[PDB]
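First comes the structure, then the notes that go with it.
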Amino acid sequence: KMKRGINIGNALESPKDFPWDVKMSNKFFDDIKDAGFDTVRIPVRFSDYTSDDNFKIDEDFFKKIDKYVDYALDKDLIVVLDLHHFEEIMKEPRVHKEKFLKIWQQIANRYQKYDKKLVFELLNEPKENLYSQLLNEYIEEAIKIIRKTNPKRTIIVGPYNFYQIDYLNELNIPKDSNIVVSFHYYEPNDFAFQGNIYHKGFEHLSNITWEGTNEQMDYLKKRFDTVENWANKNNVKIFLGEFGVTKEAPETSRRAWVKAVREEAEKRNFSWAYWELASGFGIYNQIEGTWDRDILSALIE
Ligand SMILES: OC[C@H]1O[C@@H](O)[C@H](O)[C@@H](O)[C@@H]1O
């Protein structure tokens, strides 16, 4: 099902009391669908909308999610609903385990009848103190809750340290046929993030190139070898849930990197979703509804 996807980023994963620079809008799903994408990824920071008791998700905000998911779903888009930027659980996972499992109880109860095309992504980029042996324990506990109301819906999990290839070996594949494994890919980091203010440590880089040299192509291929090999041995399909390049980077390298990564993904039967529609990594002007053909051409011929 999933192949060509895009993230609506820096939108609903914004902090509850500080919105970021992209305003979610139904027109987005029209233009994404018409561009050739079959899949949209929607990061949502539900953790900012809980009664911090039974951890009841604010119904107001929750209705906002009904609006866009239904609209997206009523265009035949696959919608990955993604619990994004749950920051407190990365610092003290043991304190927020229950808050995490309560959150997925509500989500699964509420969209249990929804079309197959609605997919669940449990926890974006586990990092810091939520290390693998806890992450796996919480992942198994969340799937068994979800599986009472959503027994066949697709569920996406990912490894520790920002969904990193290097931590796939520690990620446990659950007892379950309907699970996709996701990694993120932005290597090399200094080229992909250069000049972006939101990427702490990268904001003052400048004019770094990716020309597609043989060593550069070789590295990319070996990194993707590592993931394919893992996925073969574990009989799971892989989803490249985020990849992209900031706008500040050199126009021509940006296109070549994105093409090369997209191509390598498809070459190995990976679904993918480009990091980010309309923000600092974007390829789409939210004010005029126009695309950056130069980058869009790299993603979809
Ligand atoms: O999704 C994680 C992060 O990635 C960056 O692209 C966004 O600009 C940041 O504000 C966000 O914290």
Side-chain angles (χ1 to χ4, degrees), residues 12-16 41-66 68-69 79-116 118-164 167-168 170-184 234 236 239 241-242:
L12 305 172
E13 84 273 35
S14 275
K16 173 184 67 167
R41 187 166 181 259
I42 304 162
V44 186
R45 187 200 303 240
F46 283 97
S47 65
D48 260 31
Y49 298 86
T50 58
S51 62
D52 269 349
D53 52 289
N54 61 16
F55 295 118
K56 186 210 177 182
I57 294 167
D58 171 322
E59 173 74 9
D60 285 348
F61 182 79
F62 224 147
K63 262 123 90 183
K64 266 189 73 165
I65 309 296
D66 302 342
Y68 302 117
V69 170
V79 175
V80 183
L81 185 59
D82 155 48
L83 181 73
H84 209 102
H85 284 331
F86 191 175
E87 293 302 333
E88 294 75 27
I89 195 176
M90 308 309 176
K91 294 185 182 83
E92 313 181 274
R94 284 186 182 100
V95 183
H96 304 273
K97 171 180 183 161
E98 192 226 29
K99 169 170 180 180
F100 171 69
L101 292 174
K102 263 54 190 82
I103 278 166
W104 274 116
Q105 182 160 72
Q106 308 172 54
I107 294 183
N109 280 342
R110 181 183 183 112
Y111 305 124
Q112 38 175 330
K113 277 66 174 50
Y114 269 57
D115 181 58
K116 286 313 172 83
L118 184 52
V119 179
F120 284 166
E121 193 186 343
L122 295 195
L123 193 59
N124 181 61
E125 294 192 353
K127 68 193 194 173
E128 271 156 33
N129 282 330
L130 174 57
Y131 67 110
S132 281
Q133 196 211 69
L134 283 177
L135 175 63
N136 287 326
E137 165 187 322
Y138 299 3
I139 281 172
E140 220 189 58
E141 270 189 49
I143 286 174
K144 295 175 83 91
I145 292 175
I146 301 154
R147 278 310 183 238
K148 272 145 21 181
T149 70
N150 295 236
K152 293 202 291 194
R153 187 167 326 270
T154 289
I155 280 179
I156 300 174
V157 308
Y160 171 76
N161 200 43
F162 302 96
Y163 280 175
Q164 194 172 83
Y167 285 92
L168 279 169
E170 318 179 355
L171 185 70
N172 272 357
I173 304 92
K175 289 88 186 72
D176 200 308
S177 156
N178 292 110
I179 274 155
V180 165
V181 167
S182 185
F183 75 113
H184 294 175
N234 295 274
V236 283
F239 168 52
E242 292 186 14

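Along the sequence shown, residues carry numbers from 1.
Taking the six-membered ring for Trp and the full ring otherwise, the centers of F62 and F46 sit less than 6.0 Å from each other.
Contact record, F86 with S47: CD2-CB, 3.5 Å, taken as the closest heavy-atom pair. Residues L130 and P93 share a closest heavy-atom pair of CD1-CB, 3.9 Å. Here the closest non-hydrogen pair linking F162 and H184 is O-CB, 4.0 Å. Closest of all the heavy-atom pairs between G158 and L135 is O-CD2, 3.7 Å. In terms of heavy-atom proximity, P126 sits nearest to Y163 at CD-CE2, 3.4 Å. The minimum heavy-atom distance linking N54 with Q106 is given by the pair O-NE2, 4.3 Å.
Without hydrogens or angle criteria, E170 side chain to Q133 main chain gives no donor-acceptor distance under 3.5 Å. Checking side-chain atoms of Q105 against main-chain N and O of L101 turns up no donor-acceptor pair under 3.5 Å. Checking side-chain atoms of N150 against main-chain N and O of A108 turns up a donor-acceptor pair under 3.5 Å. When atom types are taken as modelled, the side chain of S182 and the backbone of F239 share a donor-acceptor pair closer than 3.5 angstrom. One N or O on the side chain of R153 and one on the backbone of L118 form a donor-acceptor pair closer than 3.5 Å. Formation of a donor-acceptor pair under 3.5 Å by the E140 side chain with backbone atoms of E137 is not found in this model. With hydrogens and angles disregarded, no donor-acceptor distance shorter than 3.5 Å links the side chain of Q164 to the backbone of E125. When atom types are taken as modelled, the side chain of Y160 and the backbone of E128 share a donor-acceptor pair closer than 3.5 angstrom.
Residues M90 and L123 meet the side-chain proximity criterion, which asks for heavy atoms closer than 4.5 Å. Using a 4.5 Å heavy-atom threshold, the side chains of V119 and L81 count as separate. At a threshold of 4.5 Å between non-hydrogen side-chain atoms, the residues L83 and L122 do not count as touching. Between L134 and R94 the shortest side-chain heavy-atom distance falls below 4.5 Å. Two residues are said to be in side-chain contact when any heavy atoms from C-beta on lie closer than 4.5 Å; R147 and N178 meet this criterion. Under the 4.5 Å side-chain criterion, counting only non-hydrogen atoms from C-beta, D82 is not in contact with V44.
Screening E13, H85, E242 for a side-chain contact (heavy atoms from CB on, under 4.5 Å) with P43, the sole residue that qualifies is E13. Remark: of the listed residues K16, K56, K99, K99 is the sole one forming a side chain to side chain donor-acceptor pair (under 3.5 Å) with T50.
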Next on the checklist: Evaluate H96 against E87 for side chain to side chain contact (heavy atoms under 4.5 Å, CB included), listing each step before the verdict.
Outcome noted: CA-CA 10 Å; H96 304 273; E87 293 302 333; over 6 Å; no

Next on the checklist: The test is side chain to side chain contact (heavy atoms under 4.5 Å, CB included); show your working for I65 and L12 and say whether it passes.
Outcome noted: CA-CA 9 Å; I65 309 296; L12 305 172; 3.8 Å; yes

Next on the checklist: Before you tell me yes or no, could you show the steps for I155 and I143 under side chain to side chain contact (heavy atoms under 4.5 Å, CB included), namely the whole-Å CA-CA distance, both residues' side-chain angles and the distance that decides it to 0.1 Å?
Outcome noted: CA-CA 8 Å; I155 280 179; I143 286 174; 3.9 Å; yes

Next on the checklist: Between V69 and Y114, does the side chain to side chain contact (heavy atoms under 4.5 Å, CB included) criterion hold? Intermediate values first, please.
Outcome noted: CA-CA 10 Å; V69 170; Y114 269 57; 4.1 Å; yes

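To the nearest 0.5 Å, atom CD of residue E121 and atom CD1 of residue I156 are 5.0 Å apart. Of the inter-residue distances, the one linking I179 atom CD1 with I139 atom CD1 reads 9.0 Å to the nearest 0.5 angstrom. In this structure, NZ in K144 is found 10.0 Å from CG in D176, a value given to the nearest 0.5 Å. Annotation: the span from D58 atom CG to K64 atom NZ amounts to 10.5 Å, rounded to 0.5 Å.
Shown here are the ring pair (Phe, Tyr, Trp, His ring centres under 6.0 Å) partners of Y131, two or more places apart in sequence or in another chain: there are none. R110 is linked by a salt bridge (charged side-chain N to carboxylate O under 4.0 Å, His left out) to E59, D66, counting only residues two or more places apart in sequence or in another chain.
Ring geometry, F120 versus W104: the interplanar angle falls from 30° to 60°, so the pair is classed tilted.
Using modelled atom types and a 3.5 Å distance limit, the side chains of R41 and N124 yield a donor-acceptor pair.
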